[PDB]
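Next comes just one chain, in structure tokens: the form deposited in one PDB entry.
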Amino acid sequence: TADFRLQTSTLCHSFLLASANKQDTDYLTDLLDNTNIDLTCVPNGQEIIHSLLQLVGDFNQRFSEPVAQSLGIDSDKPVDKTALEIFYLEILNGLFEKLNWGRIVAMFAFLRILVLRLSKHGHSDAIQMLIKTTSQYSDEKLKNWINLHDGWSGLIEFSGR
């Protein structure tokens, strides 16, 4: 088994890559290193990724640019990694006023939108910062709750699979 921070980064990388294969064009597989990521380290990791993909898709349909436009995530220009982090962390600090599995699904959904828009151009460093930022934020704020809910494995029963 692995520490929660490593389990959360491993699960963030596999959900982002799997979501990219879903896209008409996948840019992420080439621009990210999948050599040191093993979902096998995460307990029940495959079903967690399948569960998170089912839940994030239902979320994307239900809920459909103010700061993305400011941060130029859709630009070819190198981005401000420092500013996107404060904005992402603050956006997450607002989301987790209430802590439920549904709010966790939304955080992964936001990371998917930011990572997939960033991927069109090779902003690998920003995507990696965001994956690390999700991992650090989850270890600090979401870990006690995620732990008291069967862990990341809790998403498997929440999904209904």
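Don't overthink the numbering: it's just position in the shown sequence, from 1. Think of the rigid core as the biggest set of C-alphas that the two forms share within 1.5 Å after superposition. Residues that one form lacks are left out of the comparison.
The PDB entry records a higher mean C-alpha B factor for 28-36 than for its counterpart among 28-36 and 128-136. Of the two segments, 44-52 and 65-73, the one listed with the higher mean B-factor is 65-73 (C-alpha atoms only). Among all modelled residues in its chain, residue 57 ranks in the lowest third by Cα B-factor.
Sort the chain's modelled residues by C-alpha temperature factor and residue 2 lands in the highest third, per the entry. Compared with the other modelled residues of the chain, the Cα B-factor recorded for residue 121 ranks in the highest third.
The same protein also has a form deposited in another entry, omitted here; what follows describes it.
Compared between the shown form and the other one on the core, the listed residues 58, 47, 125, 26 keep their C-alpha shifts below 2 Å, save 26.
Core-superposed comparison between the shown form and the other one: the CA of residue 70 exceeds or equals a 2 Å shift. Once the rigid core is overlaid between the shown form and the other one, residue 37 counts among the residues whose Cα shifts by 2 Å or more. In the other form, the Cα atoms of residue 40 and residue 51 sit 3 Å or more farther from each other than they do here. The pair residue 54 and residue 22 is at least 3 angstroms farther apart at the CA level in the other form than in the present model. By the rule of 2 Å per CA over three or more consecutive residues, the rigid core superposition between the shown form and the other one yields shifted runs at 21-40, 65-67, 70-72.
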